[PDB]
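Here are the chains, one letter per residue:
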Amino acid sequence: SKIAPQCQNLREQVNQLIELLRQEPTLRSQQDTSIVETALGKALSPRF
Amino acid sequence: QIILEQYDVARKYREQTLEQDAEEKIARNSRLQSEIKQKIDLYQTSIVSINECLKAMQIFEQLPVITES
Amino acid sequence: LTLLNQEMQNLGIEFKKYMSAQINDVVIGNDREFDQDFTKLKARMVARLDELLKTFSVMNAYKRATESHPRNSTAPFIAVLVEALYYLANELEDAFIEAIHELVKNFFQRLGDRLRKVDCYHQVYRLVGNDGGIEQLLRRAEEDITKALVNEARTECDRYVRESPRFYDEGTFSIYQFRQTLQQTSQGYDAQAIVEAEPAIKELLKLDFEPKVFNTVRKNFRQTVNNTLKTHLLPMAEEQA
Amino acid sequence: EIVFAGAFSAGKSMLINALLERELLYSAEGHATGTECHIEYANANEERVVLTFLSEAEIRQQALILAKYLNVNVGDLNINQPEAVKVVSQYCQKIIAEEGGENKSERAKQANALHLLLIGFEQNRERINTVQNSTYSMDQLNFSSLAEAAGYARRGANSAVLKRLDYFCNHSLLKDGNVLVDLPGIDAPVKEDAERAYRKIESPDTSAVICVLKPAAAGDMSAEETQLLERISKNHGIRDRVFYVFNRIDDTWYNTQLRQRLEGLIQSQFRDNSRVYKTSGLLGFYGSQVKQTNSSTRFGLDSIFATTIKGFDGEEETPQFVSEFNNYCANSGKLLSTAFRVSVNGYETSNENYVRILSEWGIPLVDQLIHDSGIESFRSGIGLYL
Amino acid sequence: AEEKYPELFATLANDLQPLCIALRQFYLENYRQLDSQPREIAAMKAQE
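Residues numbered from 1 in each chain as written, not as in the entry; some residues may be left out. Chains lettered and ligands numbered in written order. Part of a larger assembly, values for the part shown. Heavy atoms only, no water.

For this deposited structure, the header cites cryo-EM as the method used and 4.1 Å as the resolution.

This is the structure in structure tokens:
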């Protein structure tokens, strides 16, 4: 019901953020994506 | 007391090669300094859009990057 | 030019010589000025302890017990002793910090003032042109020395609080005499009848602290100052060369 | 020279194939004992390989070790006598019946290697000398191409006896003279061979060190691994040229506690994390291979995976890659942040879903899969350093 | 629809911050750290 035109490309943007995090060597050591791993899609196309 | 006594002459001998190192080193410094500058621009654009979309329903916003100086 | 740097090299070697001579005199007491200030430091602390515990009153420690606990408004009789240690220790700790600053600061002015007159530091400005960071390093180092001693002094001050076996003594004082003030003696929930026991507790604290405080200032304190000054000043001086 | 050090059966063979994107090393777990392959740049027409074999005194030593853990070390006087081999072979074929499978346990594994080593020993006995390590070649063995030699070398029979190989190939990554080394497992029964690996790695002639560690799935390092870090840590000269990698991270994608254990372990010890890497060879390898398949071959179910899709009970079994592919799409959810809406349903089997899911989206989904594997980043990482 | 639904998006923002916490820090350190070194040839050569 709250789907918005901005949300269509919102998820593709964070995919870039994950890409930047992975590129940096030392950042991969102490950054776990397990939280976002079960957050975005749980929100977009929500599951209640 | 004599090995260091001739510091002057060694400078002239070394003066031949010091030019290349100075220009080469800064070029490497500039290349990496400019390379990292490119990454933050990509990061800045994505986060601004994220907050813009989420602004429609919530006020939980992330940080920008500006006037790093 | 082939001779200019030779003078420069001797200046660095000679500079360390004067610094090593001045510092050595302090470790053994040759510098009479340092000893006069040092004995002043010891006298104040010993006098401070005697004056501090002499004026100790049950109506001063119990004041702090209520403050420490914002919610509760009724402290047990046993809480008097606990607050006494911290009140008699934290106050003592501040004495070192205030006096230690007065000691380090005076020493450096005694050194910098006399350092410029001697030809060692005098000849530098006829050739080099400026300090070269000598004053900057000296002021910078002085800050480091103050921090190190303050931390070391506080660490020792944290050991007095823990009670030694001497702290308890059946003959000197009994913790169970409060029952005499509790067995239908202290009617109200006040701390007025306990004042009668003030003379006894004062002697007990004297017995506990007198050996510990004398042990530290007389034996331990002297070693730390001497080693601390030398362990930091010399490497700075070598870096100056 | 690049050295890949990993525990036995820890995916060292699988990772090497995954790294090169080619199935040169036979990834039959437990069969790669004492196998080293050197791959260097060469013209496409100059691909070559050399073969070496174990001695008879070693086959009996290995066979006794294999039979020792099998409780079949009785009724076996010598592997030279067919009867002493048949009293154990038919018994080994009985062990297959007793165990109900070749790779169903460590005891069964020893029968699997023994079953295939004895089968390998008898099948290719004419190509093996007694003592001297026989050296042969494609011309001396009548191999027309690497694929033909590989297919012959992929067999459990021949693959078991092979010891040393020297591969030549045309690849961009290896075009800079890079050489890949597959050292034997440190925990192998043959200590002298293992000690040689310690001497080999500790030798100054090694440029870089790749440290493959189990605790991503094993939880903690073993005694053999512990001494390696102690040896490496205590030696500053070699320490400054070491890379640390972890394998089979897909396990953490489904279990939180293992991920929590992995996260704590990684942050607990490793400080210079710029050289700390993670990947999954099992998923990484097949992921690249699928790119060479299309809907005509059912995206590999009719080729490469045709051997794995055939089940014992008749029903099409789910290949490990396919089985984890369905789990990866649903349980992990890496596609969640991507531009894909892969839906996993019980309406179809794993293979049928594998056919349906791939047919729905296609190759572009695989590109993300390989990218998430991190193998490509590993090649750039080590390549950049060297 | 009214209470739980928006909270799901709200959780994402708080669940996504733990990654942006470090990226700016690391970039801001190296970028600022590199700026400390000189740039001019004369000054740079004098350092040598």
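Alright, that's what it looks like, and here's the rest.
Quick look at the arrangement of the chains
Operational definition: Whether two residues are in contact is decided by their heavy atoms, any of which lying within 4.5 Å being enough.
Most contacts, among the 5 pairs of chains that meet, fall between chains B and E. Across all C-alpha pairs, the smallest distance from chain C to chain E is 16 Å, and the two are not in contact. Nothing in chain D touches chain E, and the closest approach of their C-alpha atoms is 12 Å.

Some thoughts on the pattern of salt bridges
We count it as follows: A pairing counts as a salt bridge when a side-chain nitrogen of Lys or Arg comes within 4 Å of a carboxyl oxygen of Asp or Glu. The helix and strand labels rest on DSSP assignments: H or I over at least four residues marks a helix, E over at least two residues marks a strand, and numbering proceeds from the N terminus. Using a 1.4 Å probe on the protein chains alone, a residue whose accessible area is under 20% of its type maximum counts as buried, one over 50% counts as exposed, and one in between counts as partly exposed.
Taken as a whole and assessed by the stated rule, the structure comprises 28 salt bridges over all chains. Where C:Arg114 meets C:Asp31, a salt bridge forms, and the shortest distance between an N and an O atom there is 3.1 Å. In this pair, C:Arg114 sits in helix 4 (residues 79-117) while C:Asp31 sits in the loop between helix 1 (4-28) and helix 2 (32-54), placing the two residues 83 residues apart along the sequence. A relative accessible area of 12% means that C:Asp31 is categorised as buried. Put simply, D:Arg127 and D:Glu126 hold a salt bridge, and the shortest N to O gap is 3.2 Å. Its relative accessible area of 24% is what places D:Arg127 among the partly exposed residues. One salt-bridge network, held together by shared partners, links C:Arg166, C:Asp208 and C:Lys212.

Let's talk about the interface of chain E and chain B
Quick note on the threshold: Buried area is understood as the total, over both parts, of accessible area removed when two parts are fitted together, assessed with a 1.4 Å probe. By the criterion applied in these results, polar contacts are pairs of N or O atoms within 3.5 Å in which, for protein atoms, one can donate a hydrogen and the other can accept it, and in which residues neighboring in sequence qualify only through two side-chain atoms. Nonpolar residues are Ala, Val, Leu, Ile, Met, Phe, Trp, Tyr, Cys and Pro. Charged residues are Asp, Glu, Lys and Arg, and all others, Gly as well, are polar.
In this assembly, 24 residues from chain E lie in contact with 23 residues from chain B. Among the residues chain E hides against chain B, the three largest losses belong to E:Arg24, E:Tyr27 and E:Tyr31. Together they make up 28% of the total. Joining chain E to chain B, the criterion identifies 0 salt bridges. Linking chain E with chain B are 3 residue pairs in polar contact, by the criterion used here. Elements represented by at least two residues in the side of chain E that touches chain B include exactly helix 1 (4-35) and helix 2 (41-47) of chain E. In terms of residues, the side of chain E that touches chain B owes the most to one element, helix 1 of chain E, which gives 16 residues. Residue classes in the side of chain E that touches chain B are distributed as 13 nonpolar, 5 polar and 6 charged.

Considering a negative patch on the surface
As a reminder, the rule being used: A patch consists of residues exposed above 30% relative accessible area that lack any salt bridge, with like charges linked at up to 9 Å and nonpolar side chains (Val, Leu, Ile, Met, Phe, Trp, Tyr) linked at up to 5 Å. Accessible surface is estimated by sampling points in the Shrake-Rupley manner with a 1.4 Å probe; for residues, cover comes only from the protein chains shown. The charge count includes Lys and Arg as positive and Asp and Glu as negative, but it does not include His or the ends of the chains. For charged residues, the charge sits on one atom: NZ in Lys, CZ in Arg, CG in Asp, CD in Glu.
Together, B:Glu19, B:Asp21, B:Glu23, B:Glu24 and E:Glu48 line one region of the surface with negative charge. Tracing the backbone through its elements, the reader meets B:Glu19 in helix 1 (residues 7-54).

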